[PDB]
Each structure stands twice: as C-alpha cells, then as structure tokens.
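In structure tokens, the next block holds one chain alone, the form deposited in one PDB entry.
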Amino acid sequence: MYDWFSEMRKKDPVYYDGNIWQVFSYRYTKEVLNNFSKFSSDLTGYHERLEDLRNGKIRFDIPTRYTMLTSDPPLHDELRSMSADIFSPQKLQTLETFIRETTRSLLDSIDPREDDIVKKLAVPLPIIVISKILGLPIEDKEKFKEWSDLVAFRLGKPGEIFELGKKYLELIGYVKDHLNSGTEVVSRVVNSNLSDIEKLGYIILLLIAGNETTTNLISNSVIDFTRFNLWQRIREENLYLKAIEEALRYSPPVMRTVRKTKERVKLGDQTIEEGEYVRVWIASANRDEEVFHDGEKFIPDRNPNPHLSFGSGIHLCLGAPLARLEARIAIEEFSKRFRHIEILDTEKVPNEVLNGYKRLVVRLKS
C-alpha cells in the first residue's frame, strides 16, 4: 500500500475515482477529520431518528448502530461526557499494577521454546482489562471473542443492513444480565435519558471496540522492534513510550476512516459534492514526507510524533490513554523477561485496511 500512498501523496493528495473520495496527505486528512461541520460522522442514521429513539418508538434495531462513534455534535458531546473522564490519564493510572500483575501472569504461560504470543499475550490482555474496568465478567472468552468479530468497529462505510440475528441476541442478552454488577461507567449510562438501545450501543462499544485494535498494536510493536532489532536499545536507552508511538505511526492498527460531507466543500483543490463519502487514509498521512522527516524509516526516538493513528478532533480515540498504557506495560515486561527473541512464524490478518496478526509464534529462550 505504501508505494501507492507515496505516489498519490506527490501526484494526487485528494483523488476521486468513480464512487468514493480518497485523501492521502497529512494536511487534508487532518483538515477532514477536524472539520466536523463539513465532514460528518452521521453514517448510521443516529440523527435522523434520535427523537423516535428517545420517544421509545424503536426497539428491534442493531444497538451498535447508535453510539458516539457515529455521531455529530451536540449529540456527540452529550454521549462522550458520560465517560470522558473515566479513561483520562491518572484516573487510569490507578490500574498500572493490575495491568502489570496480569501481564506477568500471562507471560508465565508462555513456552520459551515456542509459543504464539497473539494467543498467549496480545488477545487476552485487552479483554481481561476492559472487563475489569466495566465490571462485566467474561466467562465466554471464546463465545465472547465471537461477538467482537461480529460487532466489528473497523471504521469503514456502515453496514447497509442493520437487521438482528441470533448471535447478536446472545450478546444483547449477556449485556442485560450483567448490566447490573457494572462499574461507575456503566451506571452513568444505565441512568440517563438515553433510550435503552442507545445504552446497549454504548456498553457494547466500550466493551468491544478497542480489543482487536489494542491486540494488533501489541503485535505490530513486537514484530517491528524485532524486525529492526531495537529491543536492546529500547531496553537500555529506556524509550518505551516514544517507541510505541513510532509503532502506532509506522504500523497503524486501522489504516483509514470514513466521513460523509453534509455540505458542498472545496478540499485544497478539488471540490467534493454534498452527500459523497470520503475515505481518509491515516496510514498514508503518517508517512507524509512533509511532516515526518524520514517518514519511511522506523525511528524509535522521533519525539515530536504527531501521528493520526488515534484520530484527530472531537472523535479522537476515547481509549487512547488506555491503549498506550497497556501496550507500554506489555512491552516493558515482555522485554524484561526474554532478552532474546526470534520470530519463527507469523500470519497476518486478512483484511487489508488493518495491521495485525492472526498468530505470531516466537522462540524466546529464557
């Protein structure tokens, strides 16, 4: 994809084939993502039916169809308030030892001789931790992972259908059963003018949205650090944070997002019509030669690292702080225990707008 991005960046920053509009340069990607007035996130019809929703006239729809992720202000700001502060840093900092202890336990079940860290570390960590934060148990840890795949949240054009199914009913059932023993976060939502579906959409989101992505981050970080052998340096020079950010910039978990214009707008040259869809390539903008000097090189130092892997603007990842903490602790402990890693086998995730691994097997050697 990158060689393609390079060409588009130089020749056509804003390109329009037949259907959708594409943006490859840092500059416009940021302009599009930030200007929530001309590039909407109202892609599931959360707006043109909020009232019906609020006046309890809609109940057999897909819950996840109504979450802040696919909302515009004022609706957006109202929904985010309810949880903006629960994930904030320092309020999340009270979780460091739990994540550390957990990580250690998980690492313990790894066979230095040969094992799969995606299955042993990458996948477990984010779920165990999100479960702890929300108070919803995960006895499924498999039948649960099945729902995560169904509910997706991979930031592409919305699923046109929105019709129920049995697996989706299982999930909605699980949620209602434990919706009680939840933490403060859950209670805030459970006690709001929010329609009941909106409440379910909200929970499902916080509980599934970031597991896949955070697992991929931890995976990409492991490959990359090895790929360019930076473990020794990162370890001693102590640059875990800056290194995770290069990881996020170089190998972003999600390579793009979409927006829809609600007004005819001019984008630095071309002019996009009202109604059209816009696919914003985060992965491209992250290697934009003009903002990132040596953007094609993995520089663990790279201090001012203003990458767009978490978004930019009012929708900036609500869980950015948490993803960062987990990835850092996971990587810290992982390197403090093996001082040697050799990649035996890896299987990328199929989807070509994602950066992650089906499974990654390594030989650590004590």
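Residue positions are given as counts along the sequence shown, with the first one as 1. Rigid core here is just the name for the largest C-alpha set that superposes within 1.5 Å across the two forms.
Higher mean CA temperature factor between 34-42 and 317-325: 34-42, per the PDB entry. Just going by the entry, 286-294 versus 153-161 on mean CA temperature factor gives the higher value to 153-161. Sorting 209, 203, 110, 217 by the CA temperature factor given in the entry leaves 110 at the top. Looking at 224, 245, 269, 198, the one whose CA carries the top B-factor in the deposited record is 269. The PDB entry assigns residue 59 a C-alpha temperature factor belonging to the middle third of its chain's modelled residues. Among the modelled residues of its chain, residue 334 has a C-alpha B-factor that falls in the middle third, as given in the PDB entry.
Sort the modelled residues of the chain by CA B factor and residue 344 lands in the highest third.
Ranked against the other modelled residues of its chain, the C-alpha B-factor of residue 119 as given in the entry falls in the middle third. Residue 8 sits in the lowest third of its chain by CA B factor, as recorded in the PDB entry.
Although not depicted, the form deposited in another entry is the subject of the following passage.
A 2 Å or larger CA shift between this form and the one not shown, after fitting on the rigid core, occurs at just one of 189, 99, 106, 155, namely 155. For residue 169, a C-alpha deviation of 2 angstroms or more is recorded between this form and the one not shown after rigid-core alignment. Compared with the form shown here, the Cα atoms of residue 323 and residue 153 move at least 3 Å farther apart in the other entry.
Note on residue 159 and residue 317: their C-alpha atoms are nearer in the other entry, a change of at least 3 Å from this conformation.
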